[PDB]
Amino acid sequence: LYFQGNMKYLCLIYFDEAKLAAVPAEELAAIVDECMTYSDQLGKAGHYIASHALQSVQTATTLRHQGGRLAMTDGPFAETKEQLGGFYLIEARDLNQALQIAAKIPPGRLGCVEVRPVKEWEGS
């Protein structure tokens, strides 16, 4: 007998925010539409778990535990070339299938998509 499935993967959508100005507003809207349509197809296929587009890192607030002290700072965890702009939490039969799905995430064309397996293996 084998443990019964449910391999989940976090598909991280990374892209330079400073380049959304260069992208025509109408095409940017298309990505949003294709994204809703893709999520629906994923849902019907049984892959969809959750997904969200994130607001600018400018809206972020970071909390860091230093000594035993908590410090609050404006902005993201760190300055990076590409910021985390959204994610898709899915379940697939394996990493290869997860990559096939991630390759189709619409917003991913704005930069890249990092596929990371989660630790939790739900099943029996």
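For every residue, the number given is its place in the sequence shown, counted from 1.
- [ ] Averaging only over Cα atoms, indicate whether 94-102 or 23-31 has the higher B-factor in the PDB entry.
- [x] Result of the comparison: 23-31.
- [ ] Could you check the entry and say whether 35-43 or 82-90 has the higher mean CA B-factor?
- [x] The deposited B-factors put 35-43 ahead on the C-alpha mean.
Task: Criterion, highest CA B-factor; candidates, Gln66, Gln58, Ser51, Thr73 - done: When the deposited C-alpha B-factors of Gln66, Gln58, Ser51, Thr73 are compared, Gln66 is largest.
- [ ] Would you mind checking where the Cα B-factor of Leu110 ranks among the modelled residues of its chain, as the lowest, middle or highest third?
- [x] Middle third - that is where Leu110 ends up once the chain's C-alpha B-factors are sorted.
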